[PDB]
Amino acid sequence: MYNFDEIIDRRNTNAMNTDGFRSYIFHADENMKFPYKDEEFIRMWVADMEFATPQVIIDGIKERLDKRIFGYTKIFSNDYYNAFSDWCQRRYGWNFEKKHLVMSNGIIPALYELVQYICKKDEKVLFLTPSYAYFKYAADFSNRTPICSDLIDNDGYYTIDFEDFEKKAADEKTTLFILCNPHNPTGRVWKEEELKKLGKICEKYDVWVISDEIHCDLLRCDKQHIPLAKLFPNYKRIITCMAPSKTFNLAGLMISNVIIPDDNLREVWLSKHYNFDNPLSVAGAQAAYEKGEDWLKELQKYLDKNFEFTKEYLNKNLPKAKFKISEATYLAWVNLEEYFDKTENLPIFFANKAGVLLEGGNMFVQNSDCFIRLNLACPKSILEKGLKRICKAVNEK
């Protein structure tokens, strides 16, 4: 009963997706001229959606707006916990103690703070590559050392090099593993056996794990999500991070769940944080977990068709492009090995030659030569324009 084909204007909303691609993609100043008006770009880069936030969420916020006062706010009642807990209960069969829950502005700030709470200045921060570049930046931020275990590209199906991973985890300075569960940008939904071996390895060398599960509700319709903490429920050194922000297009609300079993780490967190909450943000998030499931299940259906359409479009019109439909996220990961070199800048190319803004190459640290990443969380009509522009521009090269 929803119209995901509806085009939604985003001009003049202080959205980075429309207003700041020069800085975040190209580290260039706002003067930078393009062959295309800003409005003329198909924008498929930063991971927020072109779909509208469900009206149940918007109404939940308006309901809080009608209480008419927006003073100092902490989550006093158990409403928020119960809703988020029941959401985890019925979608993954996982639960957590309420007192293990703390709130953060977003998982990125959570990562930057947790790195300093967990790692001594000379310790290392391990993660699987290619990845979301902020796993590196979180470690660079406070002069910790990012280390990478390259995944294994079996024709688009990625697996973990467990021997390389155990070797790097075993290092005594390697103290923190940042896991992306499900993985960004490959889309891997980690199977139970994969997570067991990852967790057992971290238990062997007593390595702390931050599990970034921010994409865990954007799976393909035939996939289950397993929180790592579900398999390792007594390991005090796992931190679980979840947020309604990806699922429901709520990044602006800057609210996310950080589950910290370790009593010492959690006490550290609490003593370092301004522990007030935004009432409109709590109202939106609480609405998302209470009422947002029906919209999410239709969104999952629409994302699947977009993925299936994207494979057919590429098989037909970019046949030397290698592309496996991602098991999770709304992000398409396309290998253009056969068309480009490691050293050709794919974002700059597609901006100037296709009028499409995308991410690729070393925006995902390493292990991503000649890859582009496409945001498909937009109406099928806008996506089709994007794909036509991409294939046309690559062929003409």
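Each residue number is its position in the shown sequence, starting from 1.
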item: Stretch with the greater mean C-alpha B-factor as recorded in the entry, comparing 96-104 against 306-314; value: 306-314
item: Stretch with the greater mean C-alpha B-factor as recorded in the entry, comparing 316-324 against 136-144; value: 316-324
item: Highest-ranked of 281, 73, 256, 211 once sorted by CA temperature factor in the record; value: 73
item: Selection by C-alpha B-factor (highest) of 250, 118, 125, 221; value: 221
item: Relative C-alpha B-factor of residue 297, binned into the chain's lowest, middle or highest third; value: highest
item: CA B-factor ranking of residue 340, expressed as a third of its chain; value: highest
item: Ranked against its chain, the third holding the CA B-factor of residue 383; value: highest
item: Lowest, middle or highest third - CA B-factor, residue 60; value: middle
item: Residue 389 by Cα B-factor - lowest, middle or highest third of the modelled chain; value: highest
